[PDB]
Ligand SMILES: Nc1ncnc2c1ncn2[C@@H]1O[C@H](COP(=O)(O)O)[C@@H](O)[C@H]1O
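Taking the form solved without the ligand, here's one chain by itself in structure tokens.
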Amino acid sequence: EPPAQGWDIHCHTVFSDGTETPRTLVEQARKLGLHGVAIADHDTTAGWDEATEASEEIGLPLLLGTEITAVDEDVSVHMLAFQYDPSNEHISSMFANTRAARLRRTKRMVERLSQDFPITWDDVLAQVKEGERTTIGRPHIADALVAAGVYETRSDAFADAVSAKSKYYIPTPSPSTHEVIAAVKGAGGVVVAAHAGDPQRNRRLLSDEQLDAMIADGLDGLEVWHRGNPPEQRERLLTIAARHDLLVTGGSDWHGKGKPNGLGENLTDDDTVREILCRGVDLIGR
């Protein structure tokens, strides 16, 4: 029931916490036989112009997107926002605020970690690959610790020092899921709850009631085909999707080398991508 062919609509680049350029994403997605790809960087549209250029030169269809961190009660929620107006003032202000809060938080973490680990702010910035256009975050601390030889992989770092459980962890303030959904729809976009079945990060998943309230706010779909969603959660989420007539998406959550996730390991079917395009803004020329 996971699509054998289609689009990988959940991919990160150097403009957030992936290791590759938008050109590299488009190039590779084409070579892997994908029907298309989405850019889905954290709290930004910075890679959209590079992604679009690459899509036209390489000839691979492209969905323009963003992964937005949100919160709902105690639950941390990630939302994929596709095909919205990137000059929408409200959504740009919100990304700006989120980015600023996450920068302050990351510097406070590095300052704490620096007391115990061979890590400096410059070491973190050496991991930020697009300068002021990169959404800086936890993965850049993890990479700095890998580069300093504290951990083998970024995964190891998240299991320990950079972990939500550790004494160095500071949480980032995030807008509510209701604020994000209203903002994305306002900007003419399509909003999907990303990996809502994934019990890493959270002590608990979103409930049916939280999801119902997100559907009433304007939620368009659920990412079902994702490695973090176990089988029982995929059936739960497919049931909710069928019931409320929601879109069902999939994606690799590729971060290039920064994660084990493989480009195209999970996909959205062509017909669902059709629906995303038709609901979203016509961005041809912008």
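Numbers for residues come from their place in the sequence shown, where the first is 1.
FYI, the form solved in complex with the ligand isn't displayed, but the following is about it.
Within 4.5 Å of the ligand in the bound PDB entry, do we find a heavy atom from each of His42, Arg102 and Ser155?
Looking in the bound PDB entry, the three residues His42, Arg102 and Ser155 all sit within 4.5 Å of the ligand (heavy atoms).
At 4.5 Å between heavy atoms, is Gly137 in contact with the ligand in the bound PDB entry?
The answer is yes: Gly137 has a heavy atom within 4.5 Å of the ligand.
Going by a heavy atom distance of 4.5 Å, is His255 a contact of the ligand in the bound PDB entry?
Yes.
Taking heavy atoms only, is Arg234 within 4.5 angstroms of the ligand in the bound PDB entry?
Looking in the bound PDB entry, residue contacts with the ligand do not include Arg234, since no heavy atom lies within 4.5 Å.
Can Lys185 be called a contact residue for the ligand in the bound PDB entry at 4.5 Å between heavy atoms?
Close contact is absent here: in the bound PDB entry, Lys185 is far from the ligand, nothing within 4.5 Å, heavy atoms only.
Of 25-33, 51-59, 242-250, 257-265, which is the one stretch near the ligand in the bound PDB entry, taking non-hydrogen atoms within 4.5 angstroms as near?
Looking at the partner contacts, the answer comes out as 257-265.
Since the partner is left out here, which residues of 2-29 would have a heavy atom within 4.5 Å of the ligand in the bound PDB entry?
Just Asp17.
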